[PDB]
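Just below is one structure, and these are the notes that go with it.
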Amino acid sequence: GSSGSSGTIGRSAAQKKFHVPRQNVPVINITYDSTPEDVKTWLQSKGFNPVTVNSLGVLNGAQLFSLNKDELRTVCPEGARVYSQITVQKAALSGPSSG
């Protein structure tokens with residue numbers, strides 16, 4: 001596609017149904033001391049869009065855990081959906097506390 005419009009054109013598919021799970025896989029989880037490479041799979045496992053796993057696929061569990069429903073909603077449109085999935089993770093490590 002050399003000739004044509006000066007800019008770029010390619011309107012057709014917005015999603016990318018590539019590299020998907022097939023065989024039975026174990027449950028995925030992240031912590032405050034997780035890697036930015038593990039979160040990528042944690043998001044996909046749950047079944048989150050690629051547009052989110054890409055923007056939140058470079059931040060470690062610690063950083064991601066810092067992002068609230070707002071910060072996550074800003075980086076990606078599925079933020080409110082992601083945070084709701086992370087809240088359960090943080091609550092497992094530490095939430096109410098005692099001291």
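What follows is calculated from the coordinates using simple rules that are stated; it is not laboratory data. Note that each Cβ is placed from the backbone with ideal geometry, even for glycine, and that neighbours are counted across all protein chains shown.
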Sorted by Cβ density within 10 Å, fewest first, the residues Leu43, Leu93, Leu59: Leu93, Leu59, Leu43
Spin-label pair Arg73/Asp38, simplified geometry with 7 Å Cα→Cβ offset, distance in nm: 2.9
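Within the range 2-99, report the GluC sites (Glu not before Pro) that DSSP leaves as loop and that have at most 11 other Cβ atoms within 10 Å.
When the GluC sites (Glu not before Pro) of the range 2-99 are filtered for loop state and at most 11 Cβ neighbours within 10 Å, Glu37 remain.
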Space enclosed by the convex hull of the alpha-carbon atoms of the chain, per residue, Å³: 139
For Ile30, net neighbour charge (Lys/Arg +1, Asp/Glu -1) across residues whose Cβ lies under 15 Å away: 0
Ascending count of other beta-carbon atoms within 10 Å, so fewest first, for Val27, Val53, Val75: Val27, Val75, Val53
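Estimate the FRET efficiency between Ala91 and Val58 by the formula 1/(1 + (r/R0)^6), using the beta-carbon distance for r and 22 Å for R0, to the nearest 0.05.
So, using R0 = 22 Å, E works out to roughly 0.35.
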Summed side-chain charge close to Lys46 - residues other than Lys46 whose Cβ falls under 12 Å, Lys, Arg +1, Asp, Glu -1: +1
